[PDB]
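Heads up: the structure comes next, in structure tokens.
Residue numbers start from 1 in every chain, and the chains themselves are labelled A, B, ... in the order their sequence lines are given, proteins ahead of strands. When reading the values below, keep in mind they use all heavy atoms of this one structure, side chains included, and skip hydrogens, waters and symmetry mates.
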Amino acid sequence: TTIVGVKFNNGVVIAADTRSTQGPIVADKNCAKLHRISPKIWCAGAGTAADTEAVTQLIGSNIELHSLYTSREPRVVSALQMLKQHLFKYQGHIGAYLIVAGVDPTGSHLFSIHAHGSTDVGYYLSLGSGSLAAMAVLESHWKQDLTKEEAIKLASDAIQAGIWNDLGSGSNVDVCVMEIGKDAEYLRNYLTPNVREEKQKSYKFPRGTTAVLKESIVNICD
Amino acid sequence: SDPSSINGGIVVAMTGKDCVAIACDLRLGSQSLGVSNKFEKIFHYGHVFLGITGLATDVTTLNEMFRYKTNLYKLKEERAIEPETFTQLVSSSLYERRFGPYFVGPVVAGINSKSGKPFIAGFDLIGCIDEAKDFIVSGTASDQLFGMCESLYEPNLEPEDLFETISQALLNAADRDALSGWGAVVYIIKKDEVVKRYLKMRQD
Amino acid sequence: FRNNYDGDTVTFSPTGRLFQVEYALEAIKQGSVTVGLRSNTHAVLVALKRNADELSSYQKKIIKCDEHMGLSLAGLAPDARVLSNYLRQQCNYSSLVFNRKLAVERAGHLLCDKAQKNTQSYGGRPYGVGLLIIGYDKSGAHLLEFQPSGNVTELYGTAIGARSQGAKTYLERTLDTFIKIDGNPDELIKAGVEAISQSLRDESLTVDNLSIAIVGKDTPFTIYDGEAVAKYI
Amino acid sequence: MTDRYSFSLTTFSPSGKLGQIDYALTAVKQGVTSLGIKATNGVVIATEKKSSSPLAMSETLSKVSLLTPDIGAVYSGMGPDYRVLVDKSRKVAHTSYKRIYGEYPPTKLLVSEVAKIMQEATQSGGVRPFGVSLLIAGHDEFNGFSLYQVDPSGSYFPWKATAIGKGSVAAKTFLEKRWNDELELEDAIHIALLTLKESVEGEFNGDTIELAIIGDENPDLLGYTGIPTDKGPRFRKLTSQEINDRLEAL
Amino acid sequence: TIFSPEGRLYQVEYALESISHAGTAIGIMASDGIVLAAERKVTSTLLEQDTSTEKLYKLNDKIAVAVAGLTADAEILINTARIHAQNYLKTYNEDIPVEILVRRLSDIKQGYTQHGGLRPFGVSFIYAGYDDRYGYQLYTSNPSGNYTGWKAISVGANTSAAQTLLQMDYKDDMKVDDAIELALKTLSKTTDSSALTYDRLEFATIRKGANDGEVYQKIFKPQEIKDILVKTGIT
Amino acid sequence: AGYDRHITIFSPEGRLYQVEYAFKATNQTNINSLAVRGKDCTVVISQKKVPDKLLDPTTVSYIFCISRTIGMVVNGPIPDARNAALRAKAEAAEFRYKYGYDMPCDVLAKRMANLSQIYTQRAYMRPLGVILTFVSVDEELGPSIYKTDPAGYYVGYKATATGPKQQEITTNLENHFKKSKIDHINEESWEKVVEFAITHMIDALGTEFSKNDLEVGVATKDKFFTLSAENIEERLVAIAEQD
Amino acid sequence: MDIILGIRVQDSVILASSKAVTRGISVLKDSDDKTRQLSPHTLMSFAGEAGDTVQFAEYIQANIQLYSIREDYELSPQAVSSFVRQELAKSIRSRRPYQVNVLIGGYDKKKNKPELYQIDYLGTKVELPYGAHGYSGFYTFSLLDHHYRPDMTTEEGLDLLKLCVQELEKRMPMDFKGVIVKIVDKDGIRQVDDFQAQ
Amino acid sequence: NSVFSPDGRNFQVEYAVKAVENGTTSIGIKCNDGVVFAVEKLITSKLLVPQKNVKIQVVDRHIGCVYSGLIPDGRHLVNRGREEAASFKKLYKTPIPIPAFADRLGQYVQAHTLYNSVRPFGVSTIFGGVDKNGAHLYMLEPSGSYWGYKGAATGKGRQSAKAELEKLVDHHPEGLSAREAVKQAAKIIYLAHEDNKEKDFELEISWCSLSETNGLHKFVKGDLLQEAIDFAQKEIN
Amino acid sequence: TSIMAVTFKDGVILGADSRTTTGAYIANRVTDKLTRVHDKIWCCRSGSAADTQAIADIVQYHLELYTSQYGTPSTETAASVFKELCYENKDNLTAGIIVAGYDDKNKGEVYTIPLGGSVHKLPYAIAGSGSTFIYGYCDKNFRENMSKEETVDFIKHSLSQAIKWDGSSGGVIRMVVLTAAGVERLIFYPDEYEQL
Ligand SMILES: [Mg+2]
Ligand SMILES: [Mg+2]
Ligand SMILES: [Mg+2]
Ligand SMILES: [Mg+2]
Ligand SMILES: [Mg+2]
Ligand SMILES: [Mg+2]
């Protein structure tokens with residue numbers, strides 16, 4: 001996994017690769033690692049996949065209820081506080097490593113959360129097995145006051161470093177852009193530089209190839 | 001030892017043109033000892049199909065639990081559960097036992113009865129959803145299955161062709177796994193009808 | 001005024017009274033007389049025991065709480081058993097944890113606090129017993145009177161139960177004499193036995209009637225009944 | 001500290017009445033009128049903002065509430081009871097449904113849960129029933145648009161159109177006369193405005209009337225783009241200005 | 001919960017009195033099916049007939065109930081009955097025998113009668129069901145937690161009147177179709193309204209499954225009721 | 001004496017008498033209070049009556065600092081007042097801990113109204129005989145006034161008043177906003193918004209105030225604070241040089 | 001190790017269970033009946049951890065007998081085994097799991113068929129023509145794969161069983177002291193008292 | 001207890017006040033650097049042991065409490081104050097400020113006016129001491145109401161006590177030393193005993209003073225007590 | 001981690017480096033280790049980041065509630081709340097905290113709460129893995145009643161050495177100045193402090 005977060009002048013961008021693995025094996029070649037906590041607060045996770053999704057949905061649910069209750073737009077500091085307190089309680093057993101980014105009435109925010117419940121703030125971050133490849137790109141090209149365009153480019157380039165150099169990362173790049181004035185834009189498969197080449201042969205079998213013992217129609221109704 | 005390797009077992013699901021297929025072997029073992037030649041691992045709640053591999057006690061338990069939960073759903077909702085919804089129900093049910101999990105690899109197949117779109121999904125033992133549109137594999141021969149499927153698969157296959165592909169994937173993966181095989185069942189699922197076929201295979 | 005206000009311990013009367021507590025006080029006045037008094041070196045309990053029948057045992061009024069402490073009872077006897085068990089525990093706790101003999105004053109405070117909770121809880125009744133507690137601690141001999149209202153007072157002498165007003169007036173008059181009775185247990189018991197006589201319409205207090213207890217400087221709390229009281233009748 | 005009324009405060013009387021439920025229903029009667037009308041392509045729920053003081057800012061007190069992106073509620077009766085029922089309805093939509101099936105409950109099932117919450121205030125120890133009647137309107141994929149009334153006893157009924165509170169009898173009459181199964185949403189909103197003018201004493205404008213619809217999806221209210229299968233809430237509160245526009249051609 | 005000097009349970013009796021003001025529900029059992037029919041409580045033009053189920057509920061695939069009393073109390077009990085049927089299915093891998101489900105529900109009602117100081121449920125049930133032990137069955141339960149089995153029964157308003165009518169016309173050798181006629185005639189004779197129209201009825205059957213050897217619960221759509229009301233000559 | 005007058009169950013008329021009686025308790029202190037919104041502030045004024053000459057005047061107060069940003073003025077007996085204050089302080093601290101931002105005035109008010117609703121529905125709790133007025137300069141909403149009662153009702157106000165002579169002050173203010181046509185006081189300094197508040201109380205009640213007759217709380221961006229007698233004195237001088 | 005065999009012929013289910021109880025270096029008993037009757041047409045045999053074995057069996061027996069009296073009816077073999085599997089499935093995740101494997105043989109009167117269920121301590125259930133728990137299956141499954149026919153009589157099944165016990169006596173390292181054989185059919189449960197020299 | 005009357009009163013609390021008014025009289029006087037507490041102890045009988053039925057209670061080391069009404073209720077309240085003071089000291093390390101302590105007792109007394117299953121306390125409590133920023137004196141009614149005081153009195157002789165207290169506040173506006181305040185407390189207690197002159201009484205004084213006791217609560221005994229009695233005896237005639 | 005607090009004539013100063021590591025990897029080079037728990041009460045954290053943040057958040061909650069009810073807490077009160085949390089939970093915590101505060105009465109104060117949950121009042125304190133290398137230096141160069149600039153120099157020099165030798169320390173030197181003034185944030189970059 002490679003996930004990054006990059007702040008620009010009017011907002012924040014997150015990006016992630018699209019490969020999930022079971023040990024050395026690739027299960028999903030194009031899964032979404034970008035997750036919505038609320039409309040303008042988005043989230044990328046590394047670690048125990050079920051944990052990062054569950055912790056996102058739980059806190060997402062509570063953030064909605066809070067928002068409805070208070071009649072306000074959800075803040076990023078609320079997502080962060082609820083996440084860290086929840087993860088802390090579980091003393092690292094919920095293996096959620098998250099980059100949380102978004103915009104709210106108080107501005108734009110970028111945070112990392114570690115599974116034991118510690119948090120950090122920053123202008124650029126990476127997590128996952130590919131975080132070192134991505135950080136080397138970020139440390140090379142990040143500058144203060146980036147345009148939206150520049151920030152998308154940089155985040156995308158960080159994910160590629162992860163994709164090309166880290167065996168834990170691969171396939172495509174997803175981006176989400178959160179700008180202070182606007183609706184958030186989720187950009188599925190922003191890059192697709194890993195198209196499988198056409199196979200040399202077709203493997204469709206002549207019908208009747210498989211030996212069948214018996215057969216029956218299955219009742220679905222009642 | 002490893003709870004997911006005691007009993008054996010493989011399940012594979014595939015999508016085609018306006019159809020899905022789901023298949024499993026029939027073996028139930030106890031380590032080296034083969035016990036049952038008739039252990040089916042695929043179940044169906046209305047038009048939603050669920051395969052489960054792993055510890056056989058948990059296979060049985062989860063089948064009974066999902067029969068329970070979908071029966072109630074139908075009574076309250078006054079309609080059969082859809083593939084998408086059921087996928088979510090399996091996920092949260094598994095995650096509910098996060099620190100004492102069922103030792104299973106579930107697989108969901110079916111056609112949404114409103115949109116007509118074919119649907120498959122996979123999970124890990126704690127309910128992390130594998131959302132993939134082509135194939136899903138699970139069990140003690142998952143490596144062999146991934147190999148077969150990535151090689152054999154092409155999209156938009158006619159039900160009669162998809163049948164061959166899924167069967168050939170299952171048979172050959174099973175034959176390279178000591179704990180899988182002993183018979184196999186394949187379901188071709190078309191909106192309107194479902195056909196079930198028992199394959200002829202090596203009995204070693 | 002007495003109308004809808006004596007239903008529980010959790011209701012004040014328009015006069016600021018707690019009738020359940022006042023009714024509990026009435027079970028004391030119904031009880032058989034007991035006297036307590038002390039000098040600087042000893043403290044004595046004298047009690048008139050009461051039979052149900054001429055075929056029955058007279059029921060005990062005196063309970064030992066520790067080697068240096070004990071009490072007499074007037075009112076509901078089973079309530080005295082509850083409270084003396086608590087007092088026995090408090091004495092015990094103090095010995096075990098602090099290796100310290102419980103001050104008779106602290107025993108008073110503990111009983112007051114326990115009674116109090118029952119004058120404020122719904123569905124619970126107040127205690128219906130009066131107690132006289134005697135002891136010899138690190139500051140000499142002591143006597144206490146306990147009322148189920150939770151009021152505990154330290155006294156040179158007192159009496160509770162039916163017709164006790166007689167004994168009280170006697171002790172009030174005898175004060176300057178008995179406070180000095182030091183190093184003579186038998187004389188103090190005699191002054192106690194005489195005090196309880198002013199509370200007799202009954203009869204002449206027999207070997208079975210009479211219950212005496214003593215504690216002091218070099219005497220553990222000890223109870224005398226039967227033939228052992230004869231020499232005081 | 002600790003309850004002395006661990007018994008039911010609602011009990012049956014010799015005649016079979018459940019006293020406290022009747023008395024709560026009388027509290028609904030004294031309440032400001034609210035109403036609901038179901039169209040072919042939407043539902044409208046409407047009510048009056050009877051303000052307590054002209055020094056009060058009536059926009060800070062909504063009588064019309066979103067429960068899910070596709071379900072809204074209105075009430076007649078005791079406001080504060082409504083407010084807490086809304087919180088619990090919002091919560092129960094998540095805890096009993098969304099956290100299980102990853103989607104929002106269909107209207108009938110959510111109404112069912114609210115009804116349950118109200119039923120329990122009718123049987124449990126040491127409580128009085130809720131003093132409100134709710135109208136709940138929503139949409140869901142497999143049932144389409146719907147409208148439900150929920151009463152203090154926990155009873156619920158589906159309606160094509162109804163009214164609760166003060167002048168509900170006259171308003172139901174007015175609705176039976178005007179309703180048909182071919183109504184577009186705009187026709188329903190129009191009827192809702194006409195019906196509500198009979199009830200309203202004072203000013204009748206976009207600042208004293210409160211109106212919401214369950215219509216089509218508002219992708220501009222979603223808050224994000226990029227996911228085609230997500231199209232936005234069907235619940236929409238009409239603005240003061242939007243109301244005044246429909247009162248000119250009234 | 002307390003007894004009267006007469007040896008009666010006040011709150012239970014008052015709950016029963018409440019039920020006699022609820023719309024009549026009728027259950028009739030025949031050799032090849034069961035009928036459930038119930039009169040909807042004084043409704044209005046604007047009520048949604050199509051998405052309304054106030055008196056008839058499915059408990060599982062083989063068992064249904066007709067309700068008389070408070071609907072919200074009944075939904076409480078129906079929900080636990082549904083759970084109970086599923087627990088049994090999970091435990092034994094067999095559908096629950098009707099009596100077992102009925103006894104359970106009845107025991108829950110009985111509890112409120114005997115401890116806890118909560119009011120009883122103001123509900124009477126007619127249960128209609130099939131199982132492989134007793135075939136077609138009809139039971140009734142009321143707030144006291146008592147239950148009895150019947151060939152034909154009513155609950156709610158006018159039970160006395162409806163019971164006499166059923167006693168007269170019922171015969172052991174009936175087919176379901178004759179039982180359909182009997183239930184509607186009886187509701188027609190006993191209504192406190194002018195006519196017994198479709199919009200004021202709920203109707204259901206449990207039959208031998210059109211053509212199969214299996215069992216099917218048909219909950220009648222409003223249009224179906226309108227037809228079956230003409231057939232029997234009440235229009 | 002029917003049960004419907006002793007606990008919070010419905011009367012045959014759908015009323016809750018114990019709630020109604022709790023409203024009557026709110027006036028038992030015979031103190032009046034009013035709140036107004038400035039351009040970037042919110043001001044609460046309450047009468048301060050110290051009849052007994054044995055009392056320490058500094059400890060007699062019906063204004064509370066709930067948090068750095070929220071103040072609360074109470075109309076009702078002090079014991080119930082302090083109960084509500086303690087709860088609001090705890091609720092405010094807890095909100096900040098759990099959600100990572102300061103509890104808004106309106107949200108605290110909604111929460112206290114919710115608690116009051118409960119006492120309205122459960123038999124073992126009596127309602128608190130108080131009316132709570134919450135003020136702040138909300139970071140999202142600007143100057144704010146929210147007021148909760150024993151019914152669990154709450155709303156936001158342009159300005160508001162509470163106490164036995166509530167109506168006098170209310171119509172005085174209603175008449176002002178009729179004239180100005182805006183929903184706050186134009187004025188940049190909190191000191192002049194405080195003077196407006198004192199001035200209009202004087203007209204409405206038809207009474208003069210010394211520095212010891214008054215109690216003042218001011219909410220600005222991020223503080224809420226009360227005024228000492230001397231700050232109030234300075235305010236009384238300024239009004240006198242014109243009015 | 002504890003021999004537990006079952007075989008389902010056409011009209012009966014035959015259970016055979018070893019008679020030895022061995023602790024350490026001593027055979028304490030050579031006549032142990034590793035069985036409880038659950039209902040007139042259902043028999044259960046068991047093997048595993050020393051105490052658990054009988055405690056589980058008796059607990060199950062109590063529960064089925066309770067059902068029978070409450071309902072005045074006998075549960076089908078399928079239902080009894082489902083209930084048994086559930087109990088074991090709950091046990092495996094509890095504080096101390098019942099370490100017991102069982103065979104269930106029943107005659108279903110409603111279907112007129114014999115039925116054999118094999119359930120291990122985890123709650124793994126399967127319906128089988130023949131089954132075994134422990135090491136014994138490592139010999140008998142293959143033997144019966146060869147010799148077993150679906151249309152056999154009770155006498156043919158007893159011969160098939162004799163063959164299984166002979167093999168175990170020949171190849172198993174432990175002296176299990178012969179078996180107690182029980183037949184379950186329409187006329188109930190009976191013990192074949194002659195097997196140690198039949 | 002939880003019952004509001006039709007005019008918003010609580011009759012139960014009003015009745016609890018009658019129990020207080022029935023009680024012995026007790027007072028508190030705030031001096032320039034501390035606080036003085038004094039109480040009337042009725043001598044029911046000669047048999048009561050002198051100096052040995054102590055009414056004034058310490059809480060922590062720097063707070064005294066005196067009360068009138070149901071004595072056991074006052075003890076119940078003081079036990080709670082001690083638990084409450086220990087818990088503050090445990091977490092915050094510093095001994096509890098007097099206003100902080102006042103509210104603790106306040107909230108606790110108020111709780112007993114919320115529930116039908118409890119009665120209000122039948123005492124008024126006068127209490128206080130020295131903290132980080134000076135002396136404080138408080139009086140607490142059965143309703144949970146409390147304020148700061150310059151001087152406080154409760155119980156049977158409250159009216160005359162308040163009148164003598166008011167005079168001191170008038171003749172000494174310039175802050176009344178700890179040593180004067182003790183003398184005056186003895187006087188005031190003597191002057192409220194006029195009502196209950198049928199039975200004899202014993203005087204108890206305690207004080208907490210910055211310069212006189214180092215901010216700790218101490219009992220006035222020995223020569224200091226006798227001197228205060230003599231002053232009161234002289235000024236009564 | 002290198003963290004310290006120093007009392008001086010006008011108050012107290014806290015300093016820290018900005019490096020956080022997991023193994024030899026710098027997870028954050030610009031961390032803010034100086035944590036405010038009240039307006040003029042700050043702390044430096046060492047040990048488990050999860051633990052010390054969770055603790056600092058709870059203390060901040062307690063001090064906010066304290067301020068609502070009772071007024072400004074003393075620095076001692078802050079330190080006591082930290083201890084309570086650290087002592088009572090010694091068996092699931094790896095937390096070393098230094099508490100620094102200013103009030104008008106007590107002036108500038110420093111408390112250190114090492115691993116066990118003990119409390120120590122000190123004229124100055126140093127902690128974190130980097131501190132071991134500067135015990136000699138600090139003891140030799142610290143004086144009481146130093147000026148602001150002198151104290152700033154002492155911390156700058158001390159932490160630059162701690163940074164020089166400790167691999168787990170580095171980045172920028174942050175400081176917080178606590179006086180009557182005022183809260184003042186200071187920062188010093190490598191190009192300045194390495195040349196010392
Ligand atoms: Mg595998
Ligand atoms: Mg194989
Ligand atoms: Mg209440
Ligand atoms: Mg109450
Ligand atoms: Mg007084
Ligand atoms: Mg370094």
Can any side-chain N or O of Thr52(I) pair as donor or acceptor with the backbone N or O of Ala95(I) at less than 3.5 Å? no

Smallest heavy-atom separation, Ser38(A) atom then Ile63(A) atom, equals CB-CG2, 4.0 Å

Please table the atom pairs, donor to acceptor, closer than 3.5 Å between any side-chain atom in residues 123-130 of chain A and protein atoms at least two apart or in another chain.
{"residue": "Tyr124(A)", "atom": "OH", "partner": "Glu139(A)", "partner atom": "OE1", "Å": "2.6"}
{"residue": "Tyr124(A)", "atom": "OH", "partner": "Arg29(I)", "partner atom": "NH2", "Å": "3.1"}
{"residue": "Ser126(A)", "atom": "OG", "partner": "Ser131(A)", "partner atom": "O", "Å": "2.8"}
{"residue": "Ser129(A)", "atom": "OG", "partner": "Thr1(A)", "partner atom": "N", "Å": "3.1"}
{"residue": "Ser129(A)", "atom": "OG", "partner": "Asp166(A)", "partner atom": "OD2", "Å": "2.7"}

Here's a test for you: under side-chain hydrogen bond (donor to acceptor under 3.5 Å, both in side chains), which of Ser160(I), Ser2(I), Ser131(I) qualifies with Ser169(I)? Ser2(I)

With under 30° as parallel and over 60° as perpendicular, where do the rings of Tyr186(A) and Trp42(A) fit, or are they tilted in between? parallel

So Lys132(H) and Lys105(I), do their side chains get closer than 4.5 Å, heavy atoms only? no

With ring centroids as reference points, do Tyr124(I) and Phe142(I) lie under 6.0 angstrom apart? yes

Taking atom CH2 of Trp164(A) as the centre, does the number of heavy atoms from other residues, nucleotides or ligands within less than 6.0 Å exceed 12? yes

Does the side chain of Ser67(F) come within less than 4.5 Å of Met103(F)'s, by heavy atoms? no

Below 4.5 Å, heavy atoms only, C-beta onward: do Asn189(A) and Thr18(A) meet side chain to side chain? yes

For atom NZ of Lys98(F), is the number of surrounding heavy atoms from other residues, nucleotides or ligands below 6.0 Å larger than 12? no

If I compare all heavy atoms of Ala134(A) with all of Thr2(A), which pair ends up nearest, and what's the gap? CB-CG2, 3.7 Å

Distance col, row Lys33(A):NZ vs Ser20(A):OG, nearest 0.5 angstrom, shows 6.5 Å

Has the side chain of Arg19(A) got a donor or acceptor atom that lies under 3.5 Å from a matching backbone atom of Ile163(A)? no

Is the closest side-chain heavy-atom distance between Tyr111(I) and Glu76(I) below 4.5 Å? yes

Testing the 3.5 Å rule here: is there a donor-acceptor pair between the side chains of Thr20(I) and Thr31(I)? yes

Using 30° and 60° as the class limits, which term best fits the ring planes of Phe95(F) and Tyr101(F): parallel, tilted or perpendicular? perpendicular

Side chain to side chain, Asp103(I) and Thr72(I), heavy atoms closer than 4.5 Å: no

Quick one: are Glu179(A) and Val103(A) in side-chain contact, heavy atoms under 4.5 Å? no

Restricting to non-hydrogen atoms, name the atom on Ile155(I) and the atom on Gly15(I) that form the minimum distance, rounded to 0.1 Å. CG2-CA, 4.0 Å

Please check if atom NZ in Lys221(F) has more than 12 non-hydrogen atoms from other residues, nucleotides or ligands closer than 6.0 Å. yes

Ring centroid separation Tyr66(I) to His62(I) under 6.0 Å: no

Would you please test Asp17(I) and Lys33(I) for salt bridge (charged side-chain N to carboxylate O under 4.0 Å, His left out) and show each step? CA-CA 8 Å; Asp17(I) 71 301; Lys33(I) 293 183 184 178; 2.9 Å; yes

Got a second to check how far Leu80(A)'s CG is from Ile59(A)'s CD1, nearest 0.5 Å? 11.0 Å

May I ask you to decide whether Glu139(F) forms a salt bridge with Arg75(A), counting only side-chain N to carboxylate O separations under 4.0 Å? yes

Please report the closest heavy-atom contact between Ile113(I) and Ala79(I), naming both atoms and the distance. CD1-O, 3.5 Å

Which atom of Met178(A) lies closest to which atom of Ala101(A), heavy atoms considered: SD-O, 3.5 Å

Sub-4.5 Å side-chain heavy-atom contact between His86(A) and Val55(A): yes

Return the OG1 to NE2 distance between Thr48(A) and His93(A), rounded to the nearest 0.5 Å. 11.5 Å

When rounded to the nearest 0.5 angstrom, what is the spacing between NZ in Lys148(A) and CG in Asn10(A)? 9.5 Å

